[PDB]
Structures are given as C-alpha cells and as structure tokens.
Amino acid sequence: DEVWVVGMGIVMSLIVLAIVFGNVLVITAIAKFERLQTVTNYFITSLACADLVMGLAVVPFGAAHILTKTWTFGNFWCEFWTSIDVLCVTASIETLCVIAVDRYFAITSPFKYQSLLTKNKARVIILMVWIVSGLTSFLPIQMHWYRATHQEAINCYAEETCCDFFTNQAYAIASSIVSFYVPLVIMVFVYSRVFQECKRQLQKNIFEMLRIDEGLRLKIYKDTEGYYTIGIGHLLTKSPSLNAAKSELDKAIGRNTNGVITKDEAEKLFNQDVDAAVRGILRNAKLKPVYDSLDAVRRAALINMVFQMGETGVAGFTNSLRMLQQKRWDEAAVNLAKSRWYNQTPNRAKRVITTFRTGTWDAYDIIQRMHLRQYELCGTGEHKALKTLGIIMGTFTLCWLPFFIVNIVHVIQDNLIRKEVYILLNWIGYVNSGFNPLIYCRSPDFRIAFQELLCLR
Ligand SMILES: Cc1ccccc1CC(C)(C)NC[C@H](O)c1ccc(O)c2c1OCC(=O)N2
C-alpha cells in the first residue's frame, strides 16, 4: 500500500530532520556563544556529536534499508554503517553517563570541582569515551568477531545486497553491557543520590557559605576560648584534655579518627549543627518572627550570624531584627554595620550584609554557581525534584531499555523475538537522540542562545 510507505517516509524523515536540526542547533549554539562554553557543556558537545552523526549517517541509512527492503550500497559499507550505529549509541549513552556523574560531582564537592575538572581532564573523559566506544563497535566489527553463528547468517554476509544483524552470544551480551547496562546502573545510582542530595539543598548552600566565612578544618583545632572544636564551629568538649577531644570525635563520626576527619564526615556533622540551630531560632521568641519573614537566602544569612555569635548575640540587634521583620533591607544593612560584630569581622559582615540586602548569593561566587546547576537539575521542592529527574531518566529508559532487554532475551531462545519488533525497538532508541537536545539544554544560557539563533524577540 502506498499510504504505509508514505507514513514511514514522513515519520522516519521527521525523526531524521528532528534529530539533525536539534543537534545542529546545540552544536552551533555552543560554538557561536562565549558564555555557553562552560566545562559542563564540554561534555554535552560530545553528546550532540554522537547524536548528529547518528541522524546524518545512521538514521538516514536506517530508513533507506527498510523502505527498499534490500541493501544496495555494498557489504563493506554496511559493516561500516553498522559500526557507526553502535559507535554513536555507545558514545551517546556513555556521554549521558558522564553528564550525570559530572553534575553530581559538582553538587557534593563544589570546591574541588573548579580545581580538578580542567580543559585537559575534560577532553580526556571525552577521548576515553570515544575510545571505549570505538573499541567496542568498530574493532569487533572490522575484525569479524561477531558473526558466524549459524549457517543461515553466513549467507547474508557474503551477499553484497543482503545486510541484517546476526551476532553471536558473546558480542550480543558484551556490547549491550558496555553500551547500556554499565551506564544504566551508574545513572540509576547517581541520580538516586542526586535526588537524595537535593533533599537538603538549603543546608548545602549554608555549608559552602560557612566554609568561606567560618572555615572548615579537617584536623582538631583549639578555639580562642581554650576549647577544642572540629569542622565548622562544632564544639567537641569543654575539657582542656586533647584525649577527651578524640574520644568525643569518635562517637559523632563513628570511626577511629585520631583527630583527622574527611570532608563529607564534617559535612554530616554540619547537618546536625544546623538542625540544632534552626530549632533554636524558632525557640527564641525574638528570632522566630524575623525567621518567618525572611526568604530562603536571607534565612541562611541569619543562621550565619547564629554560628558566629549565637542566639544570644543575634538577639542583641534590636533595631536590625525589627526592620528585618518589617522587610526593610537597606535600612537594616546600616544598623548592622554600626555594631561591634561588624568591626571585628568586616569582610564577613559585609558579605552577610550584602546577602541581607539583595537576597541573592552575591559575595559568594561559588554558591551562586551552585544555585544555577541545582535548580537546572533538581528544582525547588518535591514536585520539581521527581519531575525533572524523572523525565531525564524516563526518556533514556523508555527508548533503550525495551530494546536491550529484547536484545538480551533474544540470545536466550532463538525465534522468540520477532524481527519487526526488534527493528522498531531499536528505532525507538534513535528517537532518544532527538530528545536529548530538548532535555539537557534547559540551561538559562541555553535559553538565551536558542532564542537568539532563531531570531526570537
Ligand atoms: C543493521 C540492522 C539490521 C536490522 C535491524 C537493525 C539494524 C541496525 C543495528 C542492529 C546495527 N543497530 C545497532 C543497535 O543500535 C545497537 C547499538 C548498540 C549496541 O551495543 C548494540 C546494538 O545492536 C545489538 C547489540 O548487541 N549491540
């Protein structure tokens, strides 16, 4: 029937056109824009390249082979064509695994992120992915390490006009694990913690702020009052014996620290110190009305003062807390600069005052870079957390999971999987290459770049 060909002709061409136009726009956006050249976007460029070569060489010949029902481009070029298809899917999915690891690595340890991931270490990751992708698709095919299972399969290889997909048990499972199952469990476990790490996204901003204002020390340091503290202003014990400071540290940490702890262990002690401090702000009758009127960023600035002076010291600003409850920011910024706390730590009080003025993360450059990547990936609340993380994992799942499951089950029992269903489920995987430009490019700079290249407003 003419209709079904036309239907395939218009649907398959739509997928080709949508994949190409989406990837070309993403590639040309990062190329002709300077603010869009972040190190996080250095990895998404490999995602679009692995997806553009898909829509330019893999998807087009995928539709041409189905419509004509026979290959008409030589057998070597089909071995070449099959190689590109696997090389791109491997380079696409493994890049999706890199994108998830990259954005998680910056959330947990933000300070190290700007120190390790440079231009060299960014290209090495992309180089390693395409090398792993190239060594699992091209070389096993150019060496004929996949075929020769049955007598029937041999005939289609010798014929220069026949080209189907017949692989043995070894390459069918090995390629599926390297391409899909290894990046799957990683992306599943990474986003499982990303959703868990975002459950306290308000405390993480306070942690990175107090690391600049107060200061994190992994080793036990004596305080000015003569007592031993650890991490960020966390008192170990008021006894002047260092032996008691080690035993108290072992109980809260849970191991033999001998004085030295790690970053995440001090960060977990920070969560107990904040929850014990926020309850104190709600406990004090003078700090609760101020806390109810402050926004999220200024609530952290109020807790910043509690970690330095305490609920007794923060309550000592009758004029400032009075204007904070009345939402008078610029007036409260002057009376805070007149107190004794501003005179002893002017560089810290200014950043706290600047936070109370604008309500942004200004004067904390690293923390402001966090809010952009946190909201882009997670969002604000429970309704936004499962939504954004769900569609990023849902699109990657519904496209490639039904194929590789069918691909692996086919090796279990022959003739159990229909060929037409096998092609459709592989084709559903291609559509994921067209969705990625509209999934990972939701950055504010991407929105500015996309609306400018299309002459929008
Ligand atoms: C050539 C032909 C003929 C009929 C139907 C489809 C096709 C195209 C083919 C099968 C080459 N698509 C490759 C498929 O996207 C794919 C991607 C990554 C992989 O790791 C594997 C994989 O195939 C199974 C596997 O074990 N590994």
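Cβ sites come from the backbone with ideal geometry, for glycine too, and all protein chains shown count toward neighbours. No lab work stands behind these numbers, since they all come straight from the coordinates.
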I need the full set of residues from segment 261-294 which are touching a strand residue (DSSP E or B) at 6+ places or on another chain (Cβ under 9 Å) and either of a type in the set (S, T, N, Q) or without any contact (Cβ under 8 Å) to a residue 40 or more places away in the chain (or both), in order please. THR262, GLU265, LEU269, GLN272
Taking the condition of being of a type in the set (A, V, I, L, M) and either under 20 Å from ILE66 (Cα atoms) or touching a residue at least 24 places away in the same chain (Cβ under 8 Å) (or both), how many residues in segment 134-162 meet it? 3
Going through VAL182, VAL188, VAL194 one at a time, which residue ends up being under 31 Å from the mean Cα position of the chain (by Cα) and surrounded by 19 or more Cβ atoms within 10 Å (Cβ to Cβ)? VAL194
If a residue has to be among the hydrophobic types (A, V, I, L, M, F, W, C), under 14 Å from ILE44 (Cα atoms) and away from the ligand (no atom under 16 Å from the Cβ) to count, how many in segment 76-123 make the cut? 5
Is it true that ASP273 is in a helix (DSSP H, G or I) and more than 29 Å from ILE99 (Cα to Cα)? yes
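In segment 409-418, is there at least one residue being crowded, with 19+ Cβ neighbours inside 10 Å and either within 16 Å of the ligand (Cβ to nearest atom) or under 17 Å from the mean Cα position of the chain (by Cα) (or both)? Lay out the reasoning, then the answer.
Of all residues in segment 409-418, those crowded, with 19+ Cβ neighbours inside 10 Å come to none.
No, segment 409-418 contains no residue that is crowded, with 19+ Cβ neighbours inside 10 Å and either within 16 Å of the ligand (Cβ to nearest atom) or under 17 Å from the mean Cα position of the chain (by Cα) (or both).
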Enumerated helices (runs of 4 or more DSSP H) restricted to segment 296-359, each holding at least 1 residues that are of a type in the set (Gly, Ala, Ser) and under 37 Å from the mean Cα position of the chain (by Cα): 296-314, 329-336, 346-358
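Condition first: in a helix (DSSP H, G or I) and more than 7 Å from the ligand (Cβ to nearest atom). Now tell me which residues in segment 167-177 satisfy that. Let's see the steps before the verdict.
Initially, segment 167-177 is screened for residues in a helix (DSSP H, G or I), giving 169-177.
Within segment 167-177, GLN169, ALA170, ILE173, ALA174, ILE177 qualify.
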